[PDB]
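# Structure at a glance
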Amino acid sequence: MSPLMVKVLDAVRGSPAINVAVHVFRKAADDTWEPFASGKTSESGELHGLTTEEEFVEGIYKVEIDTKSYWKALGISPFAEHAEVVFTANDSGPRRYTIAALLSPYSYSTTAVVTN
Amino acid sequence: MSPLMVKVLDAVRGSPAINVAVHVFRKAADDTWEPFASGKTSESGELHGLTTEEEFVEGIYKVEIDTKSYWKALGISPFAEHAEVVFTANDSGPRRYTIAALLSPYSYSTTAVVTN
Amino acid sequence: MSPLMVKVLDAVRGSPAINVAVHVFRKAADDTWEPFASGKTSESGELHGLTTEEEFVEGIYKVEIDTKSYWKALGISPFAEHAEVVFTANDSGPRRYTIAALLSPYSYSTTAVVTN
Amino acid sequence: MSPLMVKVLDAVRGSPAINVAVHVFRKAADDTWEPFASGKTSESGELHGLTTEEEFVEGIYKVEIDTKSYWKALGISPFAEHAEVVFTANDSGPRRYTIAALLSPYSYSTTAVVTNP
Ligand SMILES: [Mg+2]
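Residues numbered from 1 in each chain as written, not as in the entry; some residues may be left out. Chains lettered and ligands numbered in written order. Heavy atoms only, no water.

### As for the interface of chain C and chain A
Basically, it comes down to this: In what follows, residue pairs with any heavy atoms lying within 4.5 Å of each other are defined as contacts. Throughout, buried area stands for the accessible area (probe radius 1.4 Å) lost by two parts on being put together, summed over both. By definition, a salt bridge exists where a carboxyl oxygen of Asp or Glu is found within 4 Å of a side-chain nitrogen of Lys or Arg. Pairs of N or O atoms within 3.5 Å make up the polar contacts considered here, provided that, within protein, one atom can donate a hydrogen while the other can accept it, and that residues adjacent in sequence are counted only when both atoms are side-chain atoms. Only runs of H or I of at least four residues qualify as helices and only runs of E of at least two qualify as strands under DSSP, and these elements are numbered from the N terminus.
Taken together, the contact between chain C and chain A spans 13 residues of the former and 13 residues of the latter. Across the interface of chain C and chain A, roughly 820 Å² is buried in total on both sides, 72% from carbon and sulfur atoms. Counting the contacts that link chain C with chain A gives 0 salt bridges. Our count for the contact surface shared by chain C and chain A stands at 2 residue pairs in polar contact. Put simply, the parts of the chain that give the side of chain C that touches chain A at least two residues each are strand 2 (15-16), strand 8 (96-104) and strand 9 (107-115) of chain C.

### Some details on the interface of chain A and chain D
With 19 residues of chain A in contact, the opposing surface of chain D contributes 20 residues. Counting the surface chain A buries against chain D, the share from its top three residues, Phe79(A), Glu84(A) and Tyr108(A), is 35%. On the surface where chain A and chain D come into contact, there are 1 salt bridge. Here chain A and chain D share 14 residue pairs in polar contact between them. In terms of residues, the side of chain A that touches chain D owes the most to one element, strand 9 (residues 107-115) of chain A, which gives 7 residues.

### Description of helix 1 (residues 67-74) of chain C
Residues and elements named next belong to chain C. What counts, and what does not: For every residue, the accessible area obtained with a 1.4 Å probe (protein chains only) is divided by the maximum for its type, and the residue is called buried under 20%, exposed over 50%, and partly exposed between those limits. By arc we mean the arc of the directions from the helix axis to the C-beta atoms, nothing more.
Inspection of helix 1 places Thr67, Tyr70 and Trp71 among the buried residues, and these make up the whole buried set. Buried residues of helix 1 fall within an arc of 90 degrees about the axis and therefore sit on the same side. Of the exposed residues in helix 1, the ones pointing more than 90 degrees away from its buried face are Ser69, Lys72 and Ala73. Its buried side turned inward, helix 1 meets strand 1 (4-10), strand 2, strand 6 (59-65), strand 7 (80-89) and strand 8. Of the residues flanking the end of helix 1, it is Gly75, one or two places downstream, whose phi is positive at about 80 degrees.

### Here's the deal with the UniProt feature "binding site: L-thyroxine" in chain A
All names here are of chain A. Definition in use: UniProt positions are given in the numbering used here, feature names are shortened, and annotations may be inferred rather than shown by experiment.
Feature annotation in UniProt places "binding site: L-thyroxine" on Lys7, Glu46 and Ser109, given in this structure's numbering. Relative to the elements of secondary structure, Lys7 occurs in strand 1 (residues 4-10). Residue classification places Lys7 among the partly exposed positions, given a relative accessible area of 25%. Discounting chain neighbours no more than four positions away, the residues touching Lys7 are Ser44, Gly45, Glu46, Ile99, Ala100 and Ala101. Note on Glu46: relative accessible area 24%, which makes it partly exposed. Residue contacts for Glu46: discarding those within four places in its chain leaves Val6, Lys7, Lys40 and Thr41.

In structure tokens form, the structure reads like this:
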């Protein structure tokens with residue numbers, strides 16, 4: 001399976017957040033953010049298949065979740081453009097990284113869940 | 001100033017939640033809940049003056065926040081009925097507790113900032 | 001499968017919150033809280049099999065997640081006794097309820113995810 | 001008073017996060033991020049005086065917070081490496097914004113309370 005997964009909940013409607021675009025970036029040697037993977041959440045609010053064990057090498061990764069487009073599709077103009085998290089992926093730690101985001105228009109949390 | 005302050009905010013609108021009823025109870029030695037203090041939030045979403053240092057001794061306190069009436073006044077019939085925060089106070093000596101309840105119709109977040 | 005499920009994450013350690021006790025109550029005619037179901041989260045932070053479609057009738061339910069014992073087991077001082085979620089189950093309403101809780105010692109959210 | 005205020009709190013300790021670096025940028029017409037204002041949170045966890053009602057015009061603003069240094073100064077090595085939020089301000093007239101970042105080592109919450117001047 002992908003070592004990096006994303007799950008998104010809509011805390012206003014009490015449902016998975018479906019069709020949310022997610023972009024992942026990796027810091028390059030020149031300190032710029034290089035695009036790494038993208039996708040959108042399914043009907044369960046999950047995004048699987050972003051990357052592979054081979055490709056998900058150690059590095060600094062940025063996960064950006066496009067929450068503004070999600071809310072705007074529901075008719076709402078929310079506070080932020082995105083939810084984001086930056087973290088270092090490490091070969092020593094637990095293998096699987098799940099970014100869990102809980103969304104409301106004016107408050108949201110992004111949590112990294114690192115497991116085996 | 002009251003050693004217990006409660007603030008209520010709306011996560012959907014990004015606004016203070018005004019006129020929200022807040023009821024505080026203290027657990028008695030016989031395990032029942034005794035009414036302890038109550039009030040309604042102000043225009044800033046804050047409820048000041050609930051109690052005093054002299055009254056607010058160690059104990060288990062329950063803060064019940066009438067979130068149902070608040071949503072209903074905005075034309076929403078919420079899923080999350082009433083918010084309830086239960087905590088032990090002053091166990092290491094008197095502290096000032098600010099409890100913030102952030103509301104949506106299907107979720108709430110409770111945050112405590114505890115100072116000297 | 002149980003029409004009421006609970007999933008719990010630890011935001012301090014970035015992990016599922018394992019072995020968290022959960023107690024569910026249903027409001028009785030005398031306005032008291034009847035014990036209804038209980039269990040504890042598994043290694044995945046999920047609690048399955050709490051109740052059945054037959055047992056879970058309309059009513060007012062309280063889900064208490066025993067977060068104080070969880071933080072004590074980790075050596076981390078907590079704020080609350082537990083996280084509570086009170087809701088009315090109406091038959092016109094939702095078919096499956098999942099309570100998703102994100103926990104830190106001094107801040108926590110509980111979200112009802114209502115699905116079919 | 002500044003119509004943009006940023007507050008940072010610690011969800012592990014239940015305390016204000018003191019002396020935390022906060023950077024604010026505003027998106028220019030050429031799509032670059034221009035430095036707008038910065039400072040460090042005070043003993044209440046709040047950073048006051050960032051801007052004024054005259055200077056804080058409509059635009060896209062970015063608030064970036066050095067949460068990693070905050071945790072390290074407390075003896076904690078965090079997993080999340082910073083906090084960052086981008087938002088359009090004053091799109092429907094001037095507002096006052098309080099942005100609160102609530103931190104733990106593996107998570108953060110961003111909340112905006114938006115009021116009239
Ligand atoms: Mg004692």
